[PDB]
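> Opening piece of the complex, as it sits:
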Amino acid sequence: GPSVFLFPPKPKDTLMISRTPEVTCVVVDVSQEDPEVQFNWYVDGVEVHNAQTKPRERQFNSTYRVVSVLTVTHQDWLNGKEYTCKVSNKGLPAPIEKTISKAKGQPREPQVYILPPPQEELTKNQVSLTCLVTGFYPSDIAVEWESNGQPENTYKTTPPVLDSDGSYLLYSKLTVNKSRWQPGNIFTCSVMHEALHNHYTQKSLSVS
């Protein structure tokens, strides 16, 4: 029979208010004369009606896959609202309800540390500036790099890494050209998380 998969908004949508944090409910495995199924949504047990439900998409494996996206506020999601996608079929003994919400647990503020290169690497053609971030719970978080004010193109971030106390940690690397490093340019890692002042913090450094 068919199967439901409810998904959470992005750790970056949930924090900033320019983007829209959304909650996506998905159905799969709806056979070929199973008529339309119907999203009933509920937030903490009351029916909202603003979910932009989409059409009935065909799949390579000849199934029907259905989606309903539902916009939510950041206030709401981070207050621990319990969002629910109920689905009735036309050809299924039951209706299927799934529910989702923010992670439970006393949120913990990280602290950011920029780290410089190593005195070994400074002679190299490029160098690796390091943003260590640690102590953060919940695991959902976001990092960016900017330079003089202008944002940075290329960098790489590890997935969060569970720590021995139950907090999470991660590292982020930034390759910068040996050329561009020296002339006292100034570089800054910036981090977004539930438990920050303005949900936002930066460290920064120079060639000192």
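That came in fine, so what should we check first? Residues are numbered from 1 along each chain as shown, chains lettered A, B, ... in the order given.
> any idea how chain A splits into domains?
A:2-101, A:102-207 (curated CATH domains).
> Output stretch A:160-171 in PDB, but only the C-alpha positions, please.
Extracted C-alpha coordinates of stretch A:160-171, given in PDB (Å, rounded to 0.1, in the frame of the first residue of the first chain):
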ATOM      1  CA  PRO A 160      27.500  18.000  12.400                       C
ATOM      2  CA  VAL A 161      29.400  15.600  14.600                       C
ATOM      3  CA  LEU A 162      27.800  14.200  17.800                       C
ATOM      4  CA  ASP A 163      30.000  14.900  20.900                       C
ATOM      5  CA  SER A 164      30.500  13.000  24.100                       C
ATOM      6  CA  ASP A 165      28.200  15.300  26.000                       C
ATOM      7  CA  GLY A 166      25.400  15.300  23.500                       C
ATOM      8  CA  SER A 167      26.200  18.600  21.900                       C
ATOM      9  CA  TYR A 168      27.200  18.900  18.300                       C
ATOM     10  CA  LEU A 169      30.200  20.300  16.600                       C
ATOM     11  CA  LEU A 170      31.500  21.000  13.100                       C
ATOM     12  CA  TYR A 171      34.400  22.400  11.100                       C
END
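> buried ones in that stretch?
A:160, A:167-170 (16 or more other CB atoms under 10 Å). Placement of C-beta: from N, CA and C, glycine included.
> Can you flag which of those residues belong to strands?
A:168-170 (DSSP state E).
> Out of those residues, which comes closest to residue A:124?
residue A:170 (24.0 Å; CB to CB).
> and the closest one, what does it touch?
Contact analysis of residue A:170 by CB atoms under 8 Å, 6 or more residues apart in numbering lists A:132-134, A:141, A:143, A:157-161.
> Most neighbours of all those, which one?
residue A:133 (24 neighbours; other CB atoms under 10 Å).
> which residue ranges form the helices in chain A?
With DSSP state H, the ranges of helices along chain A come out as A:74-78, A:178-181.
> Tell me which of these sits most buried.
helix A:74-78 (a mean of 16; mean count of other CB atoms under 10 Å).
> just checking, what packs against it?
Applying 3 or more CB pairs under 8 Å, 6 or more residues apart in numbering; DSSP states H and E, one finds that helix A:74-78 makes contact with no other helix or strand.
> so residue A:58 sits right up against residue A:32, yeah?
No - with contacts counted by CB atoms under 8 Å, residue A:58 stays clear of residue A:32, the gap being 9.7 Å.
> neighbour-wise, which of these two wins?
A direct count of neighbours by other CB under 10 Å for residue A:58 and residue A:32 places residue A:58 higher, at 11 against 8.
> while you're at it, add chain B from this line:
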Amino acid sequence: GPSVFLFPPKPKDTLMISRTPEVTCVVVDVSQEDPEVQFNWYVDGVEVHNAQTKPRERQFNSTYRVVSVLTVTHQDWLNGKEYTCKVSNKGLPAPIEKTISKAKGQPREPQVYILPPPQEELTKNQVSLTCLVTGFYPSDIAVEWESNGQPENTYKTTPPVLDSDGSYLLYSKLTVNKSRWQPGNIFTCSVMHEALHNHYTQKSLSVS
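Placed with the earlier chains, chain B looks like this:
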């Protein structure tokens, strides 16, 4: 019908003689009264007869799961030898050949750097020393931390991270009580990977 999953030896075991590196062939979904099945092993198209096989392990979900552990040398694996576990069944008609071998690609030497704490952190009651390993390939790699010879209990390590050029990178944090950091001690990272001198390299640092 039944399915066959072949699995390689882990990087640590592939890198030193002390340990024994193994190639594991696992069949799952051998049904209720379908009798035994055989492993026919081959190495680059020649049959070896040394796999320490175990007998049929029945599962919760009511199938028969079978395993054969074949042992290899390290020179064998790093020469890129192709190992195959073929399965005769007494049920579904076919043989099921499955093949495994080392990752293809010109190996790259991991360049490793210890990084000290950040000035910021020092007033905390613990500190975080950082081993950064970059530019390595294949992704199979092992990191350990020791101090005055003795190894370390707490050390976390990110899973490798694909880089913009195709090499991999990773980080490792070591938390040490500040009571251990600042009375004159020496600390050391240790890295293992095929494209190295003696498949092993280490950096080290101290309160200078």
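> and the contacts of residue A:170, now that chain B is part of it?
A:132-134, A:141, A:143, A:157-161, B:158 (CB atoms under 8 Å, 6 or more residues apart in numbering or on different chains).
> let's see 10 Å
The contact partners of residue A:170, by CB atoms under 10 Å, 6 or more residues apart in numbering or on different chains, come to A:110, A:131-134, A:136, A:139, A:141, A:143, A:157-161, A:191, B:158, B:171, B:173.
> same deal with residue A:76?
Counting by CB under 10 Å, 6+ apart, residue A:76 has contacts A:21, A:43-44, A:83, A:102.
> These: which ones sit near chain B?
Subset of the contacts of residue A:76 in contact with chain B: empty, counting by CB under 10 Å from any CB of the partner chain.
> can you pick the most crowded of these?
Within the contacts of residue A:76, residue A:83 tops the neighbour count with 23 neighbours, counted by other CB atoms under 10 Å in any protein chain shown.
> related to what we said a few turns ago, among the contacts of residue A:76, which one sits closest to residue A:180?
Taking these together and measuring to residue A:180 by CB to CB, the closest member is residue A:21, at 35.5 Å.
> Test my guess that that closest one contacts residue A:78.
Yes - taking CB atoms under 10 Å as the definition, residue A:21 is a contact partner of residue A:78 at 9.3 Å.
> Give the intersection of the neighbour lists for these two.
A:14-15, A:72.
> just these now: which is nearest residue B:180?
residue A:15 (36.9 Å).
> Any figure for the gap between that closest one and chain B?
From residue A:15 across to chain B, the span is 23 Å (CB to the nearest CB, to the nearest Å).
> May I ask you to confirm that that residue is in contact with residue A:21?
Yes - using CB under 10 Å, residue A:15 is in contact with residue A:21, at 8.4 Å.
> ok, which residues in chain A are in contact with chain B?
Close to chain B, as judged by CB under 10 Å from any CB, chain A has residues A:111-121, A:124, A:128, A:130, A:132, A:134, A:153-165, A:169-173, A:175, A:203, A:205.
> Let's see that with 8 Å instead.
Residues of chain A that fall close to chain B, judged by CB under 8 Å from any CB of the partner chain: A:111, A:113-115, A:118, A:120-121, A:128, A:130, A:132, A:134, A:154, A:156-159, A:161-164, A:169-171, A:173, A:175, A:203.
> What about those residues, which are in strands?
Among the residues of chain A next to chain B, the ones falling in strands (DSSP E) are A:111, A:113-115, A:128, A:130, A:132, A:134, A:156-157, A:161-162, A:169-171, A:173, A:175, A:203.
> is residue A:30 in a bridge, and if so with what?
residue A:64 (DSSP bridges).
> hmm, back to that, give me the common contacts of residue A:15 and residue A:21.
Once CB under 8 Å, 6+ apart is applied, the residues that residue A:15 and residue A:21 both contact turn out to be residue A:74.
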